[PDB]
Amino acid sequence: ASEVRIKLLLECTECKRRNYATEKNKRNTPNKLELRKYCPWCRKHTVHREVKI
Amino acid sequence: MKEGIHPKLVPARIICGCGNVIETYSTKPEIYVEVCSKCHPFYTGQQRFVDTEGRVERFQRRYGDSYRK
Amino acid sequence: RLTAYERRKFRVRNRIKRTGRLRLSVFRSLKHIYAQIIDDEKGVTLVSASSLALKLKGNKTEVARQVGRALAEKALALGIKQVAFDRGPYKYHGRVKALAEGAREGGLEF
Amino acid sequence: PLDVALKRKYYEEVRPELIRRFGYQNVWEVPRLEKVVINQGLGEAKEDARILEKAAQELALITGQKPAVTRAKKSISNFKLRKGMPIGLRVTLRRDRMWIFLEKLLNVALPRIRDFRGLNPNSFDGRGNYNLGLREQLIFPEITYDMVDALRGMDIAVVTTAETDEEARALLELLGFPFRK
Amino acid sequence: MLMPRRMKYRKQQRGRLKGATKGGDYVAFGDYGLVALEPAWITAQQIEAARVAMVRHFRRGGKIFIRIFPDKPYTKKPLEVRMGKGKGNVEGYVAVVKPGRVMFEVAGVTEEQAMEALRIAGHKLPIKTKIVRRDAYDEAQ
Amino acid sequence: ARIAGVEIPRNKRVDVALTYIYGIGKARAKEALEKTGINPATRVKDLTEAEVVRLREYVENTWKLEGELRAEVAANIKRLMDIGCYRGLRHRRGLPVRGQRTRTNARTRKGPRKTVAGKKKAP
Amino acid sequence: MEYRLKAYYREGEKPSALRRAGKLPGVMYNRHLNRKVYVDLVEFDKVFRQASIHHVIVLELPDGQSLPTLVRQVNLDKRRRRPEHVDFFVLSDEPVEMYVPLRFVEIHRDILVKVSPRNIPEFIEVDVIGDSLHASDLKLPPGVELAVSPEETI
RNA sequence: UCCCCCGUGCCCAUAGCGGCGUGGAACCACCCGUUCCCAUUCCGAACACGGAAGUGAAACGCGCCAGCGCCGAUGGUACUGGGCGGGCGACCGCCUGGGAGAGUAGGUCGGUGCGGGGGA
RNA sequence: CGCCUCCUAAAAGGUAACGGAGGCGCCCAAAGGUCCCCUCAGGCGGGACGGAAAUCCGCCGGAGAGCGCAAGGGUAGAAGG
RNA sequence: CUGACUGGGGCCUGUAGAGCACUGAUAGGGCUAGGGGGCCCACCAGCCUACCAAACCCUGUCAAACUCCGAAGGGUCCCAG
Ligand SMILES: [Mg+2]
Ligand SMILES: [Mg+2]
Ligand SMILES: [Mg+2]
Ligand SMILES: [Mg+2]
Ligand SMILES: [Mg+2]
Ligand SMILES: [Mg+2]
Ligand SMILES: [Mg+2]
Ligand SMILES: [Mg+2]
Ligand SMILES: [Mg+2]
Ligand SMILES: [Mg+2]
Ligand SMILES: [Mg+2]
Ligand SMILES: [Mg+2]
Ligand SMILES: [Mg+2]
Ligand SMILES: [Mg+2]
Ligand SMILES: [Mg+2]
Ligand SMILES: [Mg+2]
Ligand SMILES: [Mg+2]
Ligand SMILES: [Mg+2]
Ligand SMILES: [Mg+2]
Ligand SMILES: [Mg+2]
Ligand SMILES: [Mg+2]
Ligand SMILES: [Mg+2]
Ligand SMILES: [Mg+2]
Ligand SMILES: [Mg+2]
Ligand SMILES: [Mg+2]
Ligand SMILES: [Mg+2]
Ligand SMILES: [Mg+2]
Ligand SMILES: [Mg+2]
Ligand SMILES: [Mg+2]
Ligand SMILES: [Mg+2]
Ligand SMILES: [Mg+2]
Ligand SMILES: [Mg+2]
Ligand SMILES: [Mg+2]
Ligand SMILES: [Mg+2]
Ligand SMILES: [Mg+2]
Ligand SMILES: [Mg+2]
Ligand SMILES: [Mg+2]
Ligand SMILES: [Mg+2]
Ligand SMILES: [Mg+2]
Ligand SMILES: [Mg+2]
Ligand SMILES: [Mg+2]
Ligand SMILES: [Mg+2]
Ligand SMILES: [Mg+2]
Ligand SMILES: [Mg+2]
Ligand SMILES: [Mg+2]
Ligand SMILES: [Mg+2]
Ligand SMILES: [Mg+2]
Ligand SMILES: [Mg+2]
Ligand SMILES: [Mg+2]
Ligand SMILES: [Mg+2]
Ligand SMILES: [Mg+2]
Ligand SMILES: [Mg+2]
Ligand SMILES: [Mg+2]
Ligand SMILES: [Mg+2]
Ligand SMILES: [Mg+2]
Ligand SMILES: [Mg+2]
Ligand SMILES: [Mg+2]
Ligand SMILES: [Mg+2]
Ligand SMILES: [Mg+2]
Ligand SMILES: [Mg+2]
Ligand SMILES: [Mg+2]
Ligand SMILES: [Mg+2]
Ligand SMILES: [Mg+2]
Ligand SMILES: [Mg+2]
Ligand SMILES: [Mg+2]
Ligand SMILES: [Mg+2]
Ligand SMILES: [Mg+2]
Ligand SMILES: [Mg+2]
Ligand SMILES: [Mg+2]
Ligand SMILES: [Mg+2]
Ligand SMILES: [Mg+2]
Ligand SMILES: [Mg+2]
Ligand SMILES: [Mg+2]
Ligand SMILES: [Mg+2]
Ligand SMILES: [Mg+2]
Ligand SMILES: [Mg+2]
Ligand SMILES: [Mg+2]
Ligand SMILES: [Mg+2]
Ligand SMILES: [Zn+2]
Ligand SMILES: [Zn+2]
């Protein structure tokens, strides 16, 4: 990690729990990350959005 | 061939100044040209045009043998 | 010096062999199509089928589907059920694909 | 396939003569055209006017075939070149479209060349293929002064089944390639 | 005097002097040679001293072959320092020479001239040496 | 490339337009149009392709032009150098050939001034 | 040529023992045979110093055979500069590659040649800063083959 | 069982490179086409489909040849486990058991398993 | 002064000195998953601008290229494109 | 009864030695792109080079961080004393 390469949380769009930690380069990828991910609460795959860590 | 990206080749007739006519295929239906194989100096015999000169010089000069003997 | 043909043949076959299933290999000539189910551990062929042996002629694809059915018929009879399809240098398409369809149609599992 | 004047000439006039000149024993032993490859070296479009679809479209007009792009294999400081930059157009002509292009080339294009006095006898591959370079693209019949932004030249590869220079020369000569010596 | 034009590594560990020479044990070029009887690190300045001795005896005549090359860096700490603090600086170059090695050969000169020259050369070396003549044994290798 | 190897400018008169060809001065322009019977005052845009080829055919066959003329001019200069007369020597060093002074001027042949230090004066 | 030299057979006699008693251990072989032999050192030394690998040496075996050989290999002792081992190559009718001396009428004392044993020469003449010749141009007395590359510099 | 071809393995150059020669009935390839499925950062080149007039030219298969490559003894030596001596040292020697590499002789222009098609 | 690579290290592992040499404190949303396809550097020859080196063609070329960064190992029957 | 040690057998290894196929070092000679220098010449190219210049070949060598090779031994498992 660094200033350009930040740490981030992935929040399930449906039930709103954060389920995943990961990183991105906010210069290369300034958009909030959106990834389909299995949500343990919803028990199904859901679009997850980047959230501030 | 791939659809959409290529230009159609159609029957076409290319016409030269020397009255030559060429039956071929092109993107354009009819095309008019200043020169062709049939009339180009290098192609036709040796049609040496204006220059028969070779080159002449120097002692084609002559004119004459007048300076005395 | 290897050809793209051989590399492709080596590549898909190597991947196939690792699973350890019996190998349904398929050869496709300009005229004909051949299939033999192979035990790579014993290096032995258990069952075979081909357009040439069955003396079929016609639509190459339709012929392919038939030799596929033929292979399966002899196959289940020998107790053979599961298999891994080896397309080798060929795309999974057309004649090769029709043969695979015939083998499946016949009751082969893959 | 279709009838093209140069193609027919190859089969009825050129093929018998070649057997006469060289005495092949097999109908495949005798020289053939394999393909013609055209290349616009370009790279004038490396940075400035970073896309010249103009050269592609005009090349598409001449051949009837849309060229594919070629990108830099490596970065080169001196050429102001970054690896992967679009710096060329190449189109591969085979079969009818090869004949048609060669036909107009020999009949009208080469004669249009400035101060043209025949091709270079020495430009043979050594392996029975030939290459020639053009500096203007207006030399072709279906390209005119009105439609052009700037002069672009090209490289032309004519590839034959002939093993040797001697066989390939006779073929190209018999087909109508005009050589200076 | 002789030394490697460039090197992959600046310093080498000292290592050993066991055994007879690996090779170079037969006359290769000239007629007469000088062969080592004892193992040593022969220095660049030693090699050059022997060569120039030979050169002077010939009055620039004849041909001299040098069949050893000093490619081993010789390291030494500066004077009056203590042990440790890294390896010393490279101060010269040596050639590892084991018994049987033909160090020098001469040719195009009389037998009397070669013998004496090779004798004077031997006196510049820190080892016992022998003078040899080319043999069928040499030419057979 | 309309004629000869060059594209003479449309929207100007033929007699003028022909001059843009290397090897045709105004004099050969007037004579070519007369000999082929085309109006000297007609804009290039407004010529029948019949007029075009007639004018074209004449001009190329009557005189040597463009590249060929340049080549023939080149051979002449080359000849002078190789023999090599004083005239040929002048072409070697790129000085005037026709007896002009070189203490001054001659800039057209010599090119831009390569200024150089002069002679200093006392104090 | 030619030279003759007494030879004897050995089996399990130690090489060190043989050499300590003045004998040179050796082997003689060809396509058909291979035998463990030894020769007297001082005698061998007399012959080899003239025969070398250029001229034929005939081994008078104890069993009465008189076999035609070429010396193919002589292993030296690097420390003492003395021969440790000899390889006698038994000649037969088939062509052999060998080294044949050169007489200048020099980077090469001799030259490598594939010649029939019946036809083995003893001389090859070469007619004579920094000009030189390349083996290709050589004399080549009948039944003889250049066994190098004609590029090779003499 | 034996010969040929087609698949597919195994040994991993004694199988390779080159130079010759040979084969189309069958098989295979090239080939004939590009309607159809599918395809080309362009190209029916490739991938693919429909074919069967032609040629074994290319490819492939099969033979020959040792120029190269590859393999490679026997003998001898280096080194050495273990046991002993010598030298001020650098280092050297003996006993017993093991034993290279290089090079020499030489060898190789493959061997073999299973299935299919054809032939005797 | 912690970590990585090679050597030292005495052919298992491990093995020291203020011994001989380098590198890390990052990075990538594609530089990750999978499917399909493709094969390098270099050398000679050929080709407008065009060069030692841009892109194009042919022949040779088993890996000497490439795999973000040190080094080593691995690797085209791909981990490379 | 498994132990140290020992017999047999399998597998793992890259040292001693050697070698030069890789990475580098390297002596003499040949053949050779860029020339140094050269009498010429520049109008435009040529020829020698008792010298410094890749690759290639021949002869001959060197290496802890080179290996096409490669021991004795060593390690480990099994059976046995
Ligand atoms: Mg996480
Ligand atoms: Mg990321
Ligand atoms: Mg998930
Ligand atoms: Mg929970
Ligand atoms: Mg965030
Ligand atoms: Mg079409
Ligand atoms: Mg049917
Ligand atoms: Mg079928
Ligand atoms: Mg298959
Ligand atoms: Mg015929
Ligand atoms: Mg040529
Ligand atoms: Mg060709
Ligand atoms: Mg035009
Ligand atoms: Mg030490
Ligand atoms: Mg000292
Ligand atoms: Mg020291
Ligand atoms: Mg220290
Ligand atoms: Mg020191
Ligand atoms: Mg030594
Ligand atoms: Mg001394
Ligand atoms: Mg003496
Ligand atoms: Mg004018
Ligand atoms: Mg004046
Ligand atoms: Mg006697
Ligand atoms: Mg001796
Ligand atoms: Mg003696
Ligand atoms: Mg020999
Ligand atoms: Mg086969
Ligand atoms: Mg098997
Ligand atoms: Mg053949
Ligand atoms: Mg034939
Ligand atoms: Mg063949
Ligand atoms: Mg047939
Ligand atoms: Mg037939
Ligand atoms: Mg269609
Ligand atoms: Mg053939
Ligand atoms: Mg051989
Ligand atoms: Mg050969
Ligand atoms: Mg060997
Ligand atoms: Mg042995
Ligand atoms: Mg021992
Ligand atoms: Mg001991
Ligand atoms: Mg022993
Ligand atoms: Mg022993
Ligand atoms: Mg033994
Ligand atoms: Mg051996
Ligand atoms: Mg040796
Ligand atoms: Mg031997
Ligand atoms: Mg044989
Ligand atoms: Mg072979
Ligand atoms: Mg086989
Ligand atoms: Mg055979
Ligand atoms: Mg087989
Ligand atoms: Mg069989
Ligand atoms: Mg059968
Ligand atoms: Mg049968
Ligand atoms: Mg270790
Ligand atoms: Mg452990
Ligand atoms: Mg990556
Ligand atoms: Mg992907
Ligand atoms: Mg080139
Ligand atoms: Mg340009
Ligand atoms: Mg690499
Ligand atoms: Mg770095
Ligand atoms: Mg017990
Ligand atoms: Mg135990
Ligand atoms: Mg034990
Ligand atoms: Mg033990
Ligand atoms: Mg060693
Ligand atoms: Mg080396
Ligand atoms: Mg060494
Ligand atoms: Mg050493
Ligand atoms: Mg080592
Ligand atoms: Mg070996
Ligand atoms: Mg150990
Ligand atoms: Mg053990
Ligand atoms: Mg064991
Ligand atoms: Mg027990
Ligand atoms: Zn949820
Ligand atoms: Zn015309």
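Residue numbers start from 1 in every chain, and the chains themselves are labelled A, B, ... in the order their sequence lines are given, proteins ahead of strands. What you see below is based on every heavy atom in this structure, not just the backbone, and it leaves out hydrogens, waters and symmetry mates. When a ligand or atom number is given, it counts from 1 through the structure's own listing order.
The closest side-chain donor-acceptor pair between E/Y74 and E/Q12, if any, does not fall under 3.5 angstrom.
Here the two rings, on E/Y93 and E/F69, have centers that are 6.0 Å apart or farther.
Within 6.0 Å of NZ on E/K11 lie more than 12 heavy atoms contributed by other residues, nucleotides or ligands. G/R82 CZ: 12 or fewer foreign heavy atoms inside a 6.0 Å radius.
Within the protein, the number of N, O or S atoms lying under 2.8 Å from the Zn ion (ligand 79) is 4.
Applying the ring-ring contact (aromatic ring centres under 6.0 Å, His included) rule to D/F124 yields the partners D/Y130, D/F179; only residues at least two apart in sequence or on another chain are considered.
Applying side chain to side chain contact (heavy atoms under 4.5 Å, CB included) to G/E84 and the options G/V74, G/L76, G/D77 leaves one that passes, G/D77.
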